[PDB]
């Protein structure tokens, strides 16, 4: 069924994770037609500034995620940054996430594939839709069987990303496609020491993604985005999550009739 990956960008505290996890569990009970997957990063390994928030470590993060998985029975997904992290993260993560900048790092991909878990790769901002065919092949080579490719924007001049929706049908030829509604509107390093983004475009582009056709949506949410330690400009208020999910399910129900074959 339709996939909805959601949660706070970073594991700011396992307390925050339980709050968001609670709301996601509720939506999970309300939308049985949807498969929810809780997402959160145990470490922001690519911040622009050395002085920005990274996280509390892999140990504290895997622990907090497991708490969410046991307390709410929600599947989990977090991203790895170096080959060694794959195995420990697989203990809890149902889906292992490969960062966009790292989408061509063979060993990271193979490490993830080896865990036997499902793998979701963020399409690099420097990658062409058709170039993702090779990414999928690496994973298959490594034994991955459940592979996802996530659209999250493409380099368009400086400090800007554009979403070429032509990629959704193109990538669908070799993998399930997920649309990242949060990072697609951010402005890389836009604020100097941080990245920007325009929240006002999140919903409009998400509606476009389902109208075009995708297997799932990725959307980061936080009780108080403004206070978020990371991706503050683009995180969605927890309270708006329900309305957007219902909205995309309705659009999908009608649009699906026209989704092209293969």
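Positions refer to the first chain, counted from 1.
> So 183-191 or 145-153, which one's hotter by mean CA B-factor in the entry?
Stretch with the higher mean C-alpha B-factor: 183-191.
> Should the higher mean CA B-factor in the entry be assigned to 67-75 or to 172-180?
67-75 has the higher mean C-alpha B-factor.
> For the listed residues 222, 207, 47, 39, which one has the largest C-alpha B-factor as given in the deposited model?
Of the options given, 222 has the highest CA B-factor in the PDB entry.
> Relative to the other modelled residues of the same chain, rank the CA B-factor of residue 253 and answer lowest, middle or highest third.
CA B-factor rank for residue 253: lowest third.
> Taking only the Cα B-factors deposited for this chain, tell me whether residue 123 sits in the lowest, middle or highest third.
For residue 123, whose C-alpha B-factor we compare with every modelled residue in the chain, the answer is the lowest third.
> By the recorded C-alpha temperature factor, relative to the other modelled residues in its chain, which third is residue 213 in?
For residue 213, the deposited C-alpha B-factor lands in the lowest third.
> Is the Cα B-factor recorded for residue 241 in the lowest, middle or highest third of its chain?
For residue 241, the deposited C-alpha B-factor lands in the middle third.
> Taking only the Cα B-factors deposited for this chain, tell me whether residue 135 sits in the lowest, middle or highest third.
Lowest third.
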